[PDB]
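A look at the structure
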Amino acid sequence: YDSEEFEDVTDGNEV
Amino acid sequence: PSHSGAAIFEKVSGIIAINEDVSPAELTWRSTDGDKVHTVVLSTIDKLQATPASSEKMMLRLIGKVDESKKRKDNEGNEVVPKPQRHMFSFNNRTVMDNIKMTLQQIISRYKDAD
């Protein structure tokens, strides 16, 4: 659960 | 000072600077004193990370390229993907994080747009 103390950013390809 | 901000590495505070003078935009961490150094190539960086002003903890991280041509489990029996080598950093400001988070992304898409 490292999302509560960290946000995500534009990642590579996936779908 | 746009593509450059004081970032922490190994508990020490240095200087994070993006090398946009080479072919593949790189990220070089140069300590403040000059005793610690680190190199990061955005070309490998598959993803970027940054703790928005909403997060009381100011820290940035970059996901490195892995390999999805092997696949494996976690020794328990769950088909997972090899953890990508990432560089965890720590910033000490709201604007500083924005300097890198907003600049790095400039390099991030630099590969997607082309690829």
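Now for a look at the structure at hand. (Residues numbered from 1 in each chain as written, not as in the entry; some residues may be left out. Chains lettered and ligands numbered in written order. Heavy atoms only, no water.)

**Here we look at the overall build of chain B**
Helices and strands together make up the secondary structure of chain B, namely one helix and eight strands. Classification of the 115 residues of chain B by burial places 35% in the buried group. Intrachain contacts of chain B at a sequence separation of at least 6 include 40% that bridge at least 24 residues. Total accessible area on chain B is roughly 7400 Å²; 43% of this is exposed by carbon and sulfur atoms. (Helix = DSSP H or I, 4+ residues; strand = E, 2+ residues; numbered from the N terminus. Buried < 20%, exposed > 50% of the residue type's maximum accessible area, 1.4 Å probe, protein only. Contact = heavy atoms within 4.5 Å. Areas by Shrake-Rupley, 256 points an atom, 1.4 Å probe, with all protein chains shown as cover.)

**Some thoughts on the nonpolar core**
All names here are of chain B. Judged by nonpolar contacts, the single largest core of 25 residues is most densely connected at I16, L27, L42, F89, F91 and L104. Where this core is concerned, the elements lending two or more residues are β3 (12-19), β4 (26-31), β6 (47-50), β7 (60-63) and α1 (94-112). Broken down by element, this core gets its largest block of residues, seven residues, from α1. If we skip the residues at most four places from it in the chain, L27 touches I16, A17, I18, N19, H38, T39, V40, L42, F89 and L104. (Core = buried A, V, L, I, M, F, W, Y, C linked by side-chain atoms within 4.5 Å.)

**Here we look at the interface of chain B and chain A**
Between chain B and chain A, the contact holds 16 residues from the first and ten residues from the second. Taken over both partners, the interface formed by chain B and chain A buries close to 1000 Å², and the fraction arising from carbon and sulfur atoms is 61%. Taken together, chain B and chain A are joined by zero salt bridges. Scanning the region where chain B abuts chain A turns up one residue pair in polar contact. At the level of elements, β6, β7 and α1 of chain B are the ones that each hand at least two residues to the side of chain B that touches chain A. (Buried area = accessible area lost by both parts, 1.4 Å probe. Salt bridge = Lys/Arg side-chain N within 4 Å of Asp/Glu carboxyl O. Polar contact = N/O pair within 3.5 Å; in protein donor to acceptor, adjacent residues only side chain to side chain.)

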